[PDB]
file query08.pdb (PDB, N, CA and C atoms)
ATOM      1  N   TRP X   1       0.830  -1.199   0.000  1.00  0.00           N
ATOM      2  CA  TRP X   1       0.000   0.000   0.000  1.00  0.00           C
ATOM      3  C   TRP X   1       0.869   1.255   0.000  1.00  0.00           C
ATOM      4  N   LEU X   2       0.629   2.135  -0.966  1.00  0.00           N
ATOM      5  CA  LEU X   2       1.397   3.371  -1.065  1.00  0.00           C
ATOM      6  C   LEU X   2       1.027   4.319   0.072  1.00  0.00           C
ATOM      7  N   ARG X   3      -0.184   4.859   0.000  1.00  0.00           N
ATOM      8  CA  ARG X   3      -0.687   5.779   1.018  1.00  0.00           C
ATOM      9  C   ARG X   3      -2.196   5.626   1.121  1.00  0.00           C
ATOM     10  N   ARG X   4      -2.771   5.017   0.092  1.00  0.00           N
ATOM     11  CA  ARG X   4      -4.206   4.786   0.042  1.00  0.00           C
ATOM     12  C   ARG X   4      -4.521   3.797  -1.081  1.00  0.00           C
ATOM     13  N   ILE X   5      -3.477   3.151  -1.597  1.00  0.00           N
ATOM     14  CA  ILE X   5      -3.649   2.183  -2.677  1.00  0.00           C
ATOM     15  C   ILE X   5      -4.268   2.859  -3.897  1.00  0.00           C
ATOM     16  N   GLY X   6      -3.488   2.971  -4.966  1.00  0.00           N
ATOM     17  CA  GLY X   6      -3.969   3.600  -6.182  1.00  0.00           C
ATOM     18  C   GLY X   6      -4.106   5.101  -6.021  1.00  0.00           C
ATOM     19  N   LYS X   7      -3.048   5.735  -5.525  1.00  0.00           N
ATOM     20  CA  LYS X   7      -3.059   7.179  -5.320  1.00  0.00           C
ATOM     21  C   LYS X   7      -3.196   7.911  -6.652  1.00  0.00           C
ATOM     22  N   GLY X   8      -2.084   8.052  -7.366  1.00  0.00           N
ATOM     23  CA  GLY X   8      -2.097   8.732  -8.648  1.00  0.00           C
ATOM     24  C   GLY X   8      -2.794   7.911  -9.716  1.00  0.00           C
ATOM     25  N   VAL X   9      -3.702   8.547 -10.449  1.00  0.00           N
ATOM     26  CA  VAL X   9      -4.435   7.856 -11.502  1.00  0.00           C
ATOM     27  C   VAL X   9      -3.512   7.540 -12.681  1.00  0.00           C
ATOM     28  N   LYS X  10      -3.468   8.432 -13.668  1.00  0.00           N
ATOM     29  CA  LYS X  10      -2.619   8.227 -14.837  1.00  0.00           C
ATOM     30  C   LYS X  10      -2.633   9.472 -15.723  1.00  0.00           C
ATOM     31  N   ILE X  11      -3.629  10.336 -15.511  1.00  0.00           N
ATOM     32  CA  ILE X  11      -3.767  11.568 -16.299  1.00  0.00           C
ATOM     33  C   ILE X  11      -4.105  12.751 -15.395  1.00  0.00           C
ATOM     34  N   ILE X  12      -5.021  12.530 -14.460  1.00  0.00           N
ATOM     35  CA  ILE X  12      -5.444  13.582 -13.530  1.00  0.00           C
ATOM     36  C   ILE X  12      -4.602  13.515 -12.278  1.00  0.00           C
ATOM     37  N   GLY X  13      -5.094  12.816 -11.245  1.00  0.00           N
ATOM     38  CA  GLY X  13      -4.310  12.633 -10.040  1.00  0.00           C
ATOM     39  C   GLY X  13      -3.016  11.958 -10.420  1.00  0.00           C
ATOM     40  N   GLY X  14      -2.973  11.596 -11.697  1.00  0.00           N
ATOM     41  CA  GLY X  14      -1.818  10.972 -12.299  1.00  0.00           C
ATOM     42  C   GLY X  14      -0.838  12.031 -12.737  1.00  0.00           C
ATOM     43  N   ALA X  15      -1.340  13.057 -13.441  1.00  0.00           N
ATOM     44  CA  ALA X  15      -0.472  14.156 -13.862  1.00  0.00           C
ATOM     45  C   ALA X  15      -0.416  15.167 -12.730  1.00  0.00           C
ATOM     46  N   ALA X  16      -0.644  14.659 -11.518  1.00  0.00           N
ATOM     47  CA  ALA X  16      -0.653  15.485 -10.320  1.00  0.00           C
ATOM     48  C   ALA X  16      -1.944  16.295 -10.264  1.00  0.00           C
ATOM     49  N   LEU X  17      -3.079  15.623 -10.482  1.00  0.00           N
ATOM     50  CA  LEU X  17      -4.373  16.310 -10.462  1.00  0.00           C
ATOM     51  C   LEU X  17      -4.413  17.384 -11.546  1.00  0.00           C
ATOM     52  N   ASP X  18      -3.674  17.160 -12.628  1.00  0.00           N
ATOM     53  CA  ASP X  18      -3.631  18.123 -13.727  1.00  0.00           C
ATOM     54  C   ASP X  18      -3.257  19.508 -13.208  1.00  0.00           C
ATOM     55  N   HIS X  19      -2.062  19.619 -12.632  1.00  0.00           N
ATOM     56  CA  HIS X  19      -1.594  20.895 -12.100  1.00  0.00           C
ATOM     57  C   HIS X  19      -2.658  21.532 -11.211  1.00  0.00           C
ATOM     58  N   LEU X  20      -3.246  20.728 -10.331  1.00  0.00           N
ATOM     59  CA  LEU X  20      -4.279  21.224  -9.429  1.00  0.00           C
ATOM     60  C   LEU X  20      -5.381  21.922 -10.224  1.00  0.00           C
TER
END
call {"tool": "encode", "arguments": {"input": "query08.pdb", "output": "structure tokens"}}
result
Amino acid sequence: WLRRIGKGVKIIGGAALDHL
């Protein structure tokens, strides 16, 4: 487990929530 399992998505929370 990272911090909540599956933290960063891949585009949004993945690209860091798309630069907030």
call {"tool": "atom_distance", "arguments": {"input": "query08.pdb", "atom1": "atom C of residue 19 of chain X", "atom2": "atom C of residue 1 of chain X"}}
result
23.4 Å
call {"tool": "atom_distance", "arguments": {"input": "query08.pdb", "atom1": "atom CA of residue 3 of chain X", "atom2": "atom C of residue 20 of chain X"}}
result
20.2 Å
call {"tool": "atom_distance", "arguments": {"input": "query08.pdb", "atom1": "atom N of residue 2 of chain X", "atom2": "atom CA of residue 18 of chain X"}}
result
20.9 Å
call {"tool": "select_by_dssp", "arguments": {"input": "query08.pdb", "residues": "chain X", "states": "alpha helix (DSSP H)", "output": "count of residues only"}}
result
4
call {"tool": "decode", "arguments": {"input": "query08.pdb", "residues": "chain X", "atoms": "N, CA and C atoms", "output": "short mmCIF file (atom, residue, chain, number, x, y, z; two decimals), in the first residue's frame"}}
result
data_model
loop_
_atom_site.label_atom_id
_atom_site.label_comp_id
_atom_site.auth_asym_id
_atom_site.auth_seq_id
_atom_site.Cartn_x
_atom_site.Cartn_y
_atom_site.Cartn_z
N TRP X 1 0.83 -1.20 0.00
CA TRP X 1 0.00 0.00 0.00
C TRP X 1 0.87 1.25 0.00
N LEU X 2 0.63 2.13 -0.97
CA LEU X 2 1.40 3.37 -1.06
C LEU X 2 1.03 4.32 0.07
N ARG X 3 -0.18 4.86 0.00
CA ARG X 3 -0.69 5.78 1.02
C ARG X 3 -2.20 5.63 1.12
N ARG X 4 -2.77 5.02 0.09
CA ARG X 4 -4.21 4.79 0.04
C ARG X 4 -4.52 3.80 -1.08
N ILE X 5 -3.48 3.15 -1.60
CA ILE X 5 -3.65 2.18 -2.68
C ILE X 5 -4.27 2.86 -3.90
N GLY X 6 -3.49 2.97 -4.97
CA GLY X 6 -3.97 3.60 -6.18
C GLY X 6 -4.11 5.10 -6.02
N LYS X 7 -3.05 5.74 -5.53
CA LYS X 7 -3.06 7.18 -5.32
C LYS X 7 -3.20 7.91 -6.65
N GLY X 8 -2.08 8.05 -7.37
CA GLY X 8 -2.10 8.73 -8.65
C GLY X 8 -2.79 7.91 -9.72
N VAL X 9 -3.70 8.55 -10.45
CA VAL X 9 -4.44 7.86 -11.50
C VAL X 9 -3.51 7.54 -12.68
N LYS X 10 -3.47 8.43 -13.67
CA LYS X 10 -2.62 8.23 -14.84
C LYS X 10 -2.63 9.47 -15.72
N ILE X 11 -3.63 10.34 -15.51
CA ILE X 11 -3.77 11.57 -16.30
C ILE X 11 -4.10 12.75 -15.40
N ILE X 12 -5.02 12.53 -14.46
CA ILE X 12 -5.44 13.58 -13.53
C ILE X 12 -4.60 13.51 -12.28
N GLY X 13 -5.09 12.82 -11.24
CA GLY X 13 -4.31 12.63 -10.04
C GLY X 13 -3.02 11.96 -10.42
N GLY X 14 -2.97 11.60 -11.70
CA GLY X 14 -1.82 10.97 -12.30
C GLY X 14 -0.84 12.03 -12.74
N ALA X 15 -1.34 13.06 -13.44
CA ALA X 15 -0.47 14.16 -13.86
C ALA X 15 -0.42 15.17 -12.73
N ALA X 16 -0.64 14.66 -11.52
CA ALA X 16 -0.65 15.49 -10.32
C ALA X 16 -1.94 16.30 -10.26
N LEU X 17 -3.08 15.62 -10.48
CA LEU X 17 -4.37 16.31 -10.46
C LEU X 17 -4.41 17.38 -11.55
N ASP X 18 -3.67 17.16 -12.63
CA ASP X 18 -3.63 18.12 -13.73
C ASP X 18 -3.26 19.51 -13.21
N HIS X 19 -2.06 19.62 -12.63
CA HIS X 19 -1.59 20.90 -12.10
C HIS X 19 -2.66 21.53 -11.21
N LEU X 20 -3.25 20.73 -10.33
CA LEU X 20 -4.28 21.22 -9.43
C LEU X 20 -5.38 21.92 -10.22
#
